[PDB]
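K.L.:
PDB entry and its sequence, pasted below:
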Amino acid sequence: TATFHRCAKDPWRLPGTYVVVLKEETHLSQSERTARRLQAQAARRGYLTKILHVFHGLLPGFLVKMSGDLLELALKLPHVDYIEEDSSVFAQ
Amino acid sequence: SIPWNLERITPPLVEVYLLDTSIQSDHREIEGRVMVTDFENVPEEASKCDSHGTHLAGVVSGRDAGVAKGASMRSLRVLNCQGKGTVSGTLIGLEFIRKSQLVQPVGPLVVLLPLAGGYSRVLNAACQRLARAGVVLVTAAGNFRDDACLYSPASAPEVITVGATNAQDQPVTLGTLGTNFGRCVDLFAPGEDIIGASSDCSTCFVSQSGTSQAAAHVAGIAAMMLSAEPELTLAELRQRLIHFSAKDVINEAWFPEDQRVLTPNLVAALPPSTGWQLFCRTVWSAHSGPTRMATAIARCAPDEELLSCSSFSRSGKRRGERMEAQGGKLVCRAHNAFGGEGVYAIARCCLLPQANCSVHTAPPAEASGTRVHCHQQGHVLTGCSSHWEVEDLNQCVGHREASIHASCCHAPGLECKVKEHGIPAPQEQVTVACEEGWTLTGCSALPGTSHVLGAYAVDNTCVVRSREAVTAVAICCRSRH
Amino acid sequence: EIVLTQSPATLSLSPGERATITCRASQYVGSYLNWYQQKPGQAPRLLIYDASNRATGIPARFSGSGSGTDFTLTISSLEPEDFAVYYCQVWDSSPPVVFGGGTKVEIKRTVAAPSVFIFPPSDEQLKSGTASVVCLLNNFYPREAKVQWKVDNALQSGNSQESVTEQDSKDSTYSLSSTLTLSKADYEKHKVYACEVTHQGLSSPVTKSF
Amino acid sequence: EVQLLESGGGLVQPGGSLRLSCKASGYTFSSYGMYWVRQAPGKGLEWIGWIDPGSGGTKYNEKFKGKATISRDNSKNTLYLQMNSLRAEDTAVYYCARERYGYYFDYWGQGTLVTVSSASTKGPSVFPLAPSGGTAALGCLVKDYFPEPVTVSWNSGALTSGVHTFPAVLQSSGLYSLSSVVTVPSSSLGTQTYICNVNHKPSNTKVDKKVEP
Ligand SMILES: COc1ccc(-n2nc(-c3cn(CCOc4cc5c(cc4Oc4ccc(C(=O)O)c(F)c4)[C@@](C)(CC(=O)Nc4nccs4)NCC5)nn3)cc(C)c2=O)cc1
């Protein structure tokens, strides 16, 4: 049921860095457990993953630096609402 | 003397958060008023590093060339030396604000986002969560000469999206680019040849251009509004910006043809100040697309009341519109006809507290046609909507083969009337406007007409697009005092 | 770069009278402009800072105004010590500083004619082998004058030098001393010498023949 | 109190270099910017360079790009200037000025004169200017001296009224020439003896000459 999002402006896409967004009522412990579960399932498949940041106050979720190959795996994770591929912002 | 961009600024605990490049806090224009937070999150990494943010801090709170002279600012670094950032790095800055909102005492928070990337689901969601916490977010429309709905945080419905205008109040052009436009833009503001603090020396000035300068100008106006009235909500502040703007000063020929009706003809201003009055604004839905059962839905912002619903199609192949209750509010739903290119749903969003607007529907009569009125105590008719199922055909009247819809709002303080103007052989459009002191609440076309493309409100003018006299029908309301 | 243009180059006024000096910036400088006063034999002194603020220990008769490009310096009542040179100053990127050209405030009084005197080379100097003819122009106003040396009704080829005194402390007048320096051979093979003075009223040549 | 003591003024040979100092006192030397600004007589203010005593960061006027060098010694609260390959146009009064960052120049030096000349020390030759209506003027010419200045007094300073001692002029030889004149009533020309008292201090040349028709 989890969806994937990326920049429609192809030159601004930043694959390799993803924002895993969880469902609204998700507790911080469930966010940290999901990031641990993601690191465990990726290491068992030979992939190195790095949790760059864990979002607490604004929205439940975390920032992960991993291969795009793990997206099908990460979208199947529980409590996940959507995953968004990082993209560039520019001074106007 | 006073630079051109400050001509429409009348001088009579508010914090302005800046998410940009690094800033030179020692600049005489902003020193002692602009605080540098310990926040920094930039990708792919001296006076050129500071150039963008320093100018914008000077545009907002500059002693000599600022809008809100002496405003308190707090800067975060989300853009590198080349003015490049990430959505992820921007989210962390926004979370830092939410954490700072809870630590520091209560007060109006203005968040200036003079950056743009493509449409981001997470970035717009972050802007929503902050606006739900009472934060006023002012963003740049983008400098891509494109639809701002395709850009984040410009596309976030809860933020104030600012387009850029030049000294002649014309949309900014920069080579093959320039200011963005569309229905996601709230208003425009001076964004070309803007004098501000230069990071080269502590008293240096530089001229810069962009939607960043235009958004910083609006953040300045918002800070001045919140200094005088710190209890103004975002809905009240958005309505005031629109109400205070200069009207019809932009030549729409600059915008692509399909964007002229969607783009607001508003240039930011702060006129001399002055009880309760009726403030309304127009919202445009997304295009429905080609499907006989396709639907365009226009809704109002939280704390706003929907008073009317109209529809529009560039081909004219449409089946009208209808108002229906979803949640505790009314929504504007437009219908497409079979073989139609798609329709737009147009809503009239007003500040009318505890109005509890209800929709009253009469089914098609197939008699000499259909009629419905507001009968409740202290209720006024604000809008007339009509839709039909057929492929080819204080009271609301419709075609005998169509359903008629009436918006009945509980407002004892209002007095409403109807103004009409009919043209037998119309030259593409029929116009009727409310008088001075009157607020347009509803725009509709009179039924039994030859071929109407649709109807929409442009400020206090009812515009009926044409291919018996074609009649533009305006419902005008105002406070009794 | 920013260019500060001062107007006028010279301001001639009377004590007690009001003085206004203009400084125009080629770019927007906000209100970050400074004014300096420079008396002769002295270093400049900060007069007005931030275009309107009086510096510490400067009298209230000095006032500054302006923001953006046009700046003005006002002296309400001219004290005799206020007659000096004035400079406007601003900061810039490259170069880091910009000074104005300067405005000289001068004392104005009635038109005075020079008491023109001529002096022939002394005989003791004639033994040295170089002649020097001196033309005096005592106590005049204004400072604008011209001296044309006339050796036997011919012109001043460019063998002359002059110097002007500063405006007098008592009568506010000027004085000039021009020196026609000629060789001993050229002084001998000529007879008549004169200096023609251009000032207000009429031309006044003063001659001498040995 | 804040004092800026300059030193190193005098004569420089053409092609030579000037070496100036600016001794600061009364404040935290490293917390203020310092400039060297010069001024040719009769002309305006010309900046030479800037230094940040804290960082050591410098800025120079493009005209003096290769020729000028500014250094400092924070332990001595001293600023230094060096300007190589001098020409006669480099003859000016040089100042050191304190920069209150982003505001103004609050303190200045006394002003140091630097004269570019290849000439040598020479005493002057004093020549009278004999008089000839109601008031008559007489003087004496002070010619061919180096360097400047010379002081002229009349009757050992008893005669001050109507005295006009003119600024000197630099002539073709590279020497200076000056004249000092007094205006007296024509009646007292026979009764009163008029002498000019010339003093050229760089050469210890004191000359008294009488003025007679
Ligand atoms: C849970 O997942 C979701 C799935 C779908 C939805 N939505 N989203 C939309 C939707 C989204 N957009 C793109 C962004 O469309 C605008 C951006 C800006 C602006 C105006 C814009 O135009 C809209 C926005 C919202 C609705 C509206 O219906 O809420 C609407 F009719 C028109 C304005 C001019 C500010 C403004 O006036 N702000 C509003 N705030 C609420 C109502 S006006 N400037 C900033 C930027 N267009 N339509 C429509 C429906 C029916 C809906 O259910 C929401 C969540």
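P.N.:
Thanks, I have it. Numbers count the residues shown, from 1 in each chain, chains lettered A, B, ... in the order given.
K.L.:
Confirm residue C:124 sits in a helix?
P.N.:
Yes. Counting by DSSP: H, G, I helix; E, B strand; the rest coil, residue C:124 is part of a helix.
K.L.:
What's the separation between the one residue sitting closest to the centre of chain A and residue B:117?
P.N.:
The centroid of chain A falls nearest to residue A:20 when counting by CA atoms, centre = their mean (2.6 Å). For residue A:20, the distance to residue B:117 equals 19 Å [CB to CB, to the nearest Å]. (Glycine included, C-beta is placed from N, CA and C.)
K.L.:
now swap in residue D:185 and tell me
P.N.:
From residue D:185 to residue B:117 the distance is 94 Å (CB to CB).
K.L.:
now the residue at minimal distance from the centre of chain D, which residues is it bridged with?
P.N.:
Nearest to the mean C-alpha position of chain D, by CA atoms, centre = their mean, lies residue D:113 at 4.6 Å. Judged by DSSP bridges, the bridge partners of residue D:113 are residue D:93.
K.L.:
correct me, but it touches residue D:9?
P.N.:
Yes. Residue D:113 is in contact with residue D:9 according to CB atoms under 8 Å; the separation is 5.2 Å.
K.L.:
Need the overlap of contacts for the two.
P.N.:
residue D:94 (CB atoms under 8 Å, 6 or more residues apart in numbering or on different chains).
K.L.:
ok now do residue 67, which residues does it touch?
P.N.:
You didn't say which chain, so I picked chain A. A:16, A:47.
K.L.:
Correction: the question concerned chain D.
P.N.:
D:83, D:84, D:85.
K.L.:
for the lengthiest strand in chain A, packing partners?
P.N.:
With secondary structure taken from DSSP state E, chain A has its longest strand at strand A:80-91. On a contact count with 3 or more CB pairs under 8 Å, 6 or more residues apart in numbering or on different chains; DSSP states H and E, strand A:80-91 meets strand A:3-5, strand A:13-22, helix A:71-74, strand B:84-86, helix B:87-103, strand B:115-118, helix B:121-131.
K.L.:
among the ones you listed, which is nearest residue D:45?
P.N.:
Closest approach to residue D:45 among the helices and strands packed on strand A:80-91 is made by strand B:84-86 (43.0 Å; CB to CB).
K.L.:
starting at the chain centroid, how far to the closest one?
P.N.:
From the chain centre to the centre of strand B:84-86 is a distance of 26 Å (CA atoms, centre = their mean, to the nearest Å).
K.L.:
can you check stretch C:34-42 too?
P.N.:
15 Å.
K.L.:
circling back: which ones are touching the residue nearest to the centre of chain D?
P.N.:
D:9, D:92, D:93, D:94.
K.L.:
Mind picking the two most distant members of those residues?
P.N.:
Most distant of the contacts of residue D:113, by CB to CB, are D:9 and D:92, 10.9 Å apart.
K.L.:
list the residues that contact both of those two?
P.N.:
D:113, D:114.
K.L.:
Identify the bridge partners of the nearest residue to residue D:162 once chain neighbours are set aside.
P.N.:
Excluding the flanking residues, the one nearest residue D:162 by CB to CB, 6 or more residues apart in numbering or on different chains is residue D:183, at 4.1 Å. Beta-bridge pairing of residue D:183 under DSSP bridges involves residue D:137.
K.L.:
so how many other residues sit close to residue D:183?
P.N.:
20 (other CB atoms under 10 Å in any protein chain shown).
K.L.:
cool, and residue C:60?
P.N.:
Using other CB under 10 Å, residue C:60 is surrounded by 7 other residues.
K.L.:
Most proximal residue of chain D with respect to chain C?
P.N.:
residue D:108 (3.7 Å; CB to the nearest CB).
K.L.:
Could you double-check that that residue sits in contact with residue C:46?
P.N.:
No. Using CB under 8 Å, residue D:108 is not in contact with residue C:46; the gap is 9.1 Å.
K.L.:
Please name the residues that touch the residue nearest to the centre of chain A.
P.N.:
A:34, A:35, A:38, A:61, A:62, A:63, A:64, A:74, A:77, A:80, A:83.
K.L.:
Quick check: the gap between it and residue B:184.
P.N.:
27 Å.
K.L.:
okay, residue D:9 and residue D:92: which has more neighbours?
P.N.:
residue D:92 (21 against 16).
K.L.:
Excluding chain neighbours, give the residue nearest to whichever residue of chain A sits closest to chain B in space.
P.N.:
At 3.0 Å from chain B, residue A:91 is the closest residue in chain A, using CB to the nearest CB. Leaving aside its chain neighbours, residue A:91 sits nearest to residue B:83 (3.0 Å; criterion: CB to CB, 6+ apart).
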